[PDB]
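Undergrad: Structure provided below as structure tokens; questions to follow.
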Amino acid sequence: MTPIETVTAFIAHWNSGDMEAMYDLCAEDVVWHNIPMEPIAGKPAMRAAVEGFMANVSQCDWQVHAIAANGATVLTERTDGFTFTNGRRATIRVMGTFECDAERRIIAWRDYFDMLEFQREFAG
Ligand SMILES: CCCC(CCC)C(N)=O
């Protein structure tokens, strides 16, 4: 699987809610770093963080506007949409850098966005 195909599939798994397929595309030592926050180091810690972030989320609808790769690094421009438990929807504009390991799994995922845009929507 090429890096672009891997990241494309990763996003599709978020969108379908196939969380295990999502994790399976990641290295065991994946670092998930939402840039304004502390990095999350390793798949076990990623599972716990995802559980927290998804607690009040019923569905994801993440749209890739642009994607480009340079070797093992894949860059994205996205709008990440969510539907919350009560049916409210929100979107956050984000760019992400993904790095793939020697096994072509995601070993780093760094997302860049405005913390205020995030806090507005994930408050309450
Ligand atoms: C980009 C800001 C929010 C993050 C974390 C999941 C809630 C995302 N990937 O959309």
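Identifiers in the structure tokens: chain A, B, ... in order shown; residue index from 1 per chain; ligand index from 1 in order shown.
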Around ligand 1, which protein and nucleic acid residues have at least one atom no more than 9 Å from it, if we count only C-alpha atoms and all ligand atoms? List them as a PyMOL selection string.
TA: chain A and resi 34+50+52-54+57+60+62+78-82+91-96+111-115+117-118+122
Undergrad: Could those residues be written to a file, using N, CA and C atoms, as a CSV table (one decimal), in the first residue's frame?
TA:
```csv
chain,number,residue,atom,x,y,z
A,34,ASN,N,-2.0,16.3,18.2
A,34,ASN,CA,-2.7,17.5,17.9
A,34,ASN,C,-1.9,18.7,18.4
A,50,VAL,N,-8.5,8.5,21.9
A,50,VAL,CA,-9.6,8.4,21.0
A,50,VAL,C,-10.9,8.2,21.7
A,52,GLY,N,-11.7,9.1,24.7
A,52,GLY,CA,-12.1,10.4,25.3
A,52,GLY,C,-12.7,11.4,24.3
A,53,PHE,N,-12.0,11.5,23.2
A,53,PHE,CA,-12.4,12.5,22.2
A,53,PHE,C,-13.7,12.1,21.5
A,54,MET,N,-14.0,10.8,21.4
A,54,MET,CA,-15.2,10.2,20.7
A,54,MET,C,-16.4,10.0,21.6
A,57,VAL,N,-19.3,11.8,20.4
A,57,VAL,CA,-19.4,11.8,19.0
A,57,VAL,C,-20.1,10.6,18.4
A,60,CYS,N,-18.2,10.6,12.4
A,60,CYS,CA,-17.2,11.5,11.8
A,60,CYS,C,-17.5,11.6,10.3
A,62,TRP,N,-15.0,13.4,7.7
A,62,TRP,CA,-13.8,14.1,7.4
A,62,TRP,C,-13.5,14.1,5.9
A,78,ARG,N,-7.8,19.4,5.2
A,78,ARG,CA,-9.1,18.7,5.5
A,78,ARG,C,-10.1,19.7,6.2
A,79,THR,N,-11.4,19.3,6.1
A,79,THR,CA,-12.4,19.7,7.0
A,79,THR,C,-12.9,18.5,7.8
A,80,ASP,N,-12.7,18.5,9.1
A,80,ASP,CA,-13.1,17.4,9.9
A,80,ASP,C,-14.5,17.7,10.5
A,81,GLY,N,-15.5,17.0,10.0
A,81,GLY,CA,-16.9,17.2,10.5
A,81,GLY,C,-17.2,16.1,11.5
A,82,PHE,N,-18.1,16.4,12.4
A,82,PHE,CA,-18.6,15.5,13.5
A,82,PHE,C,-20.1,15.7,13.6
A,91,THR,N,-17.8,21.4,12.2
A,91,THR,CA,-16.7,21.2,11.4
A,91,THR,C,-15.5,22.0,11.9
A,92,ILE,N,-14.3,21.4,11.8
A,92,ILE,CA,-13.0,22.1,12.1
A,92,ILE,C,-12.1,21.9,11.0
A,93,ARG,N,-11.5,23.1,10.6
A,93,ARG,CA,-10.5,23.1,9.5
A,93,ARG,C,-9.2,22.7,10.0
A,94,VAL,N,-8.5,21.8,9.3
A,94,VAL,CA,-7.3,21.2,9.8
A,94,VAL,C,-6.3,20.8,8.7
A,95,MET,N,-5.0,20.9,8.9
A,95,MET,CA,-4.1,20.3,8.0
A,95,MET,C,-3.3,19.2,8.9
A,96,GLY,N,-3.0,18.1,8.2
A,96,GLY,CA,-2.2,17.1,8.9
A,96,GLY,C,-1.1,16.5,8.2
A,111,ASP,N,-1.6,17.1,13.6
A,111,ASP,CA,-2.7,17.9,13.1
A,111,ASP,C,-2.6,19.3,13.6
A,112,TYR,N,-2.7,20.2,12.6
A,112,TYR,CA,-2.6,21.7,12.8
A,112,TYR,C,-3.9,22.4,12.6
A,113,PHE,N,-4.3,23.1,13.6
A,113,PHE,CA,-5.6,23.8,13.6
A,113,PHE,C,-5.6,24.8,14.7
A,114,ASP,N,-6.7,25.6,14.7
A,114,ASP,CA,-6.9,26.6,15.7
A,114,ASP,C,-7.5,26.0,17.0
A,115,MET,N,-6.9,26.1,18.1
A,115,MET,CA,-7.4,25.6,19.3
A,115,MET,C,-8.8,26.1,19.7
A,117,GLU,N,-11.1,27.1,17.6
A,117,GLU,CA,-12.1,26.6,16.7
A,117,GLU,C,-12.5,25.2,17.3
A,118,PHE,N,-11.5,24.4,17.7
A,118,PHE,CA,-11.8,23.1,18.4
A,118,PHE,C,-12.6,23.3,19.7
A,122,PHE,N,-16.1,21.4,20.9
A,122,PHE,CA,-16.0,20.3,21.8
A,122,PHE,C,-16.2,20.7,23.2
```
Undergrad: Identify, with DSSP run on backbone atoms, the residues in chain A assigned to strand (DSSP E or B), and express the list as number ranges by chain.
TA: A: 26-34, 40-41, 57-70, 73-84, 89-100, 106-112
Undergrad: For each of A:48, A:72, A:9, A:31, take the minimum atom-to-atom distance to residue 102 in chain A, counting only C-alpha atoms, then give the residue where this is smallest.
TA: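 The shortest atom-to-atom distance to residue 102 in chain A comes from A:72.
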Undergrad: Pick the closest to residue 15 in chain A from A:64, A:107, A:100, A:40: which is it, counting only C-alpha atoms?
TA: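 Using only C-alpha atoms, the shortest distance to residue 15 in chain A belongs to A:64.
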Undergrad: Show which residues sit within 9 Å of residue 10 in chain A, as JSON, numbers by chain. Count only C-alpha atoms, and ignore same-chain residues fewer than 5 positions away.
TA: {"A": [5, 15, 21, 22, 23, 25, 26]}
Undergrad: Apply DSSP to the backbone of this structure and, from range 4-123 of chain A, keep only the residues in helix (DSSP H, G or I); write these as an NGL selection string.
TA: :A and (4-16 or 19-24 or 43-53 or 115-122)
Undergrad: Those same residues - C-alpha atoms - I'd like them written as a JSON list (two decimals), in the first residue's frame.
TA:
```
[["chain", "number", "residue", "atom", "x", "y", "z"],
["A", 4, "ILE", "CA", -1.21, 8.10, 0.05],
["A", 5, "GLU", "CA", -3.41, 5.02, -0.14],
["A", 6, "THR", "CA", -2.71, 4.26, 3.51],
["A", 7, "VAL", "CA", -3.72, 7.74, 4.68],
["A", 8, "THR", "CA", -6.73, 7.75, 2.38],
["A", 9, "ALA", "CA", -7.89, 4.42, 3.88],
["A", 10, "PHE", "CA", -7.21, 5.72, 7.40],
["A", 11, "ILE", "CA", -9.54, 8.66, 6.85],
["A", 12, "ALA", "CA", -12.15, 6.38, 5.32],
["A", 13, "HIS", "CA", -12.06, 4.21, 8.44],
["A", 14, "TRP", "CA", -12.71, 7.23, 10.64],
["A", 15, "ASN", "CA", -15.65, 8.06, 8.40],
["A", 16, "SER", "CA", -17.14, 4.59, 8.50],
["A", 19, "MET", "CA", -12.06, 1.88, 14.43],
["A", 20, "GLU", "CA", -10.11, -1.36, 14.38],
["A", 21, "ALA", "CA", -9.28, -0.95, 10.70],
["A", 22, "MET", "CA", -8.11, 2.58, 11.62],
["A", 23, "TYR", "CA", -5.82, 1.36, 14.35],
["A", 24, "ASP", "CA", -4.50, -1.47, 12.21],
["A", 43, "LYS", "CA", -1.15, 2.89, 20.20],
["A", 44, "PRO", "CA", -2.40, 2.03, 23.73],
["A", 45, "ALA", "CA", -2.37, 5.71, 24.65],
["A", 46, "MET", "CA", -3.97, 6.54, 21.29],
["A", 47, "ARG", "CA", -6.85, 4.12, 22.05],
["A", 48, "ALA", "CA", -7.46, 5.84, 25.37],
["A", 49, "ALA", "CA", -7.30, 9.32, 23.84],
["A", 50, "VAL", "CA", -9.62, 8.41, 21.00],
["A", 51, "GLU", "CA", -12.13, 6.98, 23.52],
["A", 52, "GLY", "CA", -12.13, 10.36, 25.31],
["A", 53, "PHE", "CA", -12.41, 12.49, 22.16],
["A", 115, "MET", "CA", -7.43, 25.56, 19.34],
["A", 116, "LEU", "CA", -10.23, 28.06, 19.73],
["A", 117, "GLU", "CA", -12.08, 26.56, 16.69],
["A", 118, "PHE", "CA", -11.76, 23.14, 18.39],
["A", 119, "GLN", "CA", -12.73, 24.33, 21.89],
["A", 120, "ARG", "CA", -15.83, 26.12, 20.55],
["A", 121, "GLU", "CA", -17.18, 22.84, 19.20],
["A", 122, "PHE", "CA", -15.99, 20.30, 21.75]]
```
Undergrad: I'd like the interatomic distance between CA of residue 89 in chain A and CA of residue 68 in chain A, to a tenth of an Å.
TA: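 Calculated distance between CA of residue 89 in chain A and CA of residue 68 in chain A is 27.9 Å.
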Undergrad: Would you please work out which residue, of A:66, A:73, A:36, A:55, is nearest to residue 106 in chain A when using only C-alpha atoms?
TA: A:73
Undergrad: Taking only C-alpha atoms into account, name the residue in A:27, A:1, A:32, A:83 that is nearest to residue 97 in chain A.
TA: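 Nearest candidate to residue 97 in chain A out of A:27, A:1, A:32, A:83: A:32.
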Undergrad: CA of residue 58 in chain A and CA of residue 41 in chain A are how many Å apart?
TA: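 Interatomic distance here is 25.2 Å.
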Undergrad: At what distance in Å, to one decimal, does CA of residue 42 in chain A lie from CA of residue 99 in chain A?
TA: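 That distance, rounded to one decimal, is 14.1 Å.
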